[PDB]
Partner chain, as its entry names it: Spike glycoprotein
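For reference, the chain that follows is the form solved without its partner chain, supplied as structure tokens.
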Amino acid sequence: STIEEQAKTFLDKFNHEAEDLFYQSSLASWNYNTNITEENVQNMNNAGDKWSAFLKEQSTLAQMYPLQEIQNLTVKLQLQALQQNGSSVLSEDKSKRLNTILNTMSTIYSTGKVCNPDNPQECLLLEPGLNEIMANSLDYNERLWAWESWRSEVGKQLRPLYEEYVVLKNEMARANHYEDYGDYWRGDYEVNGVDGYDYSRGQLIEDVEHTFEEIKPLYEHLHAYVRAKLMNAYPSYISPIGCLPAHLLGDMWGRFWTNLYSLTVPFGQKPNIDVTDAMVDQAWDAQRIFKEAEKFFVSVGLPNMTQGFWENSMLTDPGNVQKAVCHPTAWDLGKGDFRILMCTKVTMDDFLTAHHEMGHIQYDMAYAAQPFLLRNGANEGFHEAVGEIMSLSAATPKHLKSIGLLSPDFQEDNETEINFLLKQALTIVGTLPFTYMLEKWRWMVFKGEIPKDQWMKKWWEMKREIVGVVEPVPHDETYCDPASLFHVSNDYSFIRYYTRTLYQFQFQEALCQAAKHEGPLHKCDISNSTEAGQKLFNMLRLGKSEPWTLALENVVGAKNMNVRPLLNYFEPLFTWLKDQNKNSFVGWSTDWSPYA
């Protein structure tokens, strides 16, 4: 047999086993999250250990087939994926210690609990306890206690483990010939050896940096307006030319500013436009919410959900007889088996959340047409973006009027649109500077540009210069404020929230063109456009078979992330924000501190 004939025999034998072992691991994982029991955890851990043991074994054996000696492209793409999924370069000791540090960091973040100085029994977990305070409170010194305690109790437990994690991840990446762990992550977006569609890891830094420059005038104006507003709402505490204190931004980190809507509303005199009331008045339950999300995808030409979907999904909180993990989450288990786990409540938020999650399911179902190792979105940014364009169309007045949640004669005026856009901006453009800077700091840690003795010094310097946000109290190198966020302490890349945000508005604009939308991009609803669904479908089914550069090009007509469709979405708000700021200082001191 040729090497190329031995490679087919190896893949055919690998895929048969993978199909079985992945379904065993996915099904056991779902069963635990739906019903937390000792039996379910044993099953999940074993099924997981077998899957993993099998995949590292098969990744070693794939090196017997030089990829260059493979005419057939689909077996090469697979053998490459299978070569990339291997984990047998790091020493046994360091590999075991690295796992141990991942579990420890994961556990101290999930077990993180802080107790009040004013109450030694007022101990408060992060969810729902400290998140409650950090979403809702208007109490500076209460917000400050939750912010500071979280970082100085949980964060300080992470600093040592995070130093040991950095050195051990850098060893594995360099052992694979990557410059560092951050370079290894930028690997997700690498396209090498496809003429026309190639993309490097440094290309990614430049394109983030370049698109961020174009986003900055909008963030600056959003920042100055949100500040002028936070002044009225904290009159002693906020400088008109300074960064916003980190503890006042509507969550534990300022990752999103969504919860500042009530303080920042451009026209608070316009009534609430939440359709939760109509859902209650029309007696909507979880079935109806998911049944209405199903209809939206059929309107664009995509399939109905499966019998298995309706028979196996868990769309309501099971009660106390059965214990479940209530994070909204779409599952692709293998072997035709798709599901959603969601403790759905009759609210507009959950209605939107369902379209996002069912988006993930549409993606999974389309790329079932690909071989196993290519059942993956074109890059880590794609799934999130496919989710978000769904809620983009569903949240529109046009769509709500069409499904009866908004009266046929709802009157959309500039005030309603500016309110809509300001809300979207707090959530979407707010998170961009946060998301950029956070990854920038890790890129630099891993690269070796930031010494451990200057980790927190540079962290807050970058927060002040890029995010325009300042710490309320000084932090020494005893803290690991970054590790105080789930993604940092649980070893997940974060630039995906930057890329998906540009990809989503590129997607929306292209699909709204196919659907012959008329005016403002923000008003568009792809519902009823089979043409728009086709354009989506064609990328969706590709999975990770083509370069993400091509996949994007198919839908939008361009080979790279582009910021213009995003700036285009919020152009009306930008013009209004600039007029509201015509007397405000736009920009921020990098030195002013609440403790200065």
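Rigid core here is just the name for the largest C-alpha set that superposes within 1.5 Å across the two forms. Positions refer to the first chain, counted from 1.
Another form exists, deposited with its partner chain bound; not displayed. Remarks below refer to it.
Of the candidate stretches 213-221, 306-314, 453-461, 151-159, only 306-314 has residues whose heavy atoms lie within 4.5 Å of its partner chain in the bound PDB entry. 375 is the sole member of 291, 375, 229, 522 with a non-hydrogen atom within 4.5 Å of its partner chain in the bound PDB entry.
For the candidate set 337, 251, 388, 207, a heavy atom within 4.5 Å of its partner chain in the bound PDB entry is found for exactly one residue, namely 337. Using a 4.5 Å cutoff between non-hydrogen atoms, residue 65 counts as a contact of its partner chain in the bound PDB entry. None of the heavy atoms of residue 558 is located within 4.5 Å of its partner chain in the bound PDB entry.
Of the candidates 87, 478, 110, 141, the Cα that moves 2 angstroms or more after core superposition between this form and the one not shown belongs to 87 alone.
Residue displacement note: residue 458 has its CA displaced by under 2 Å between this form and the one not shown (rigid core superposed). Superposition on the rigid core between this form and the one not shown places the CA atom of residue 232 less than 2 Å from its counterpart. The two forms, fitted on the rigid core, differ between this form and the one not shown by 2 Å or more at the CA of residue 75. Between residue 85 and residue 539, the C-alpha separation grows by 3 Å or more in the bound PDB entry, relative to the conformation displayed. In the bound PDB entry, the CA atoms of residue 85 and residue 382 move farther apart by at least 3 angstroms compared with the shown structure.
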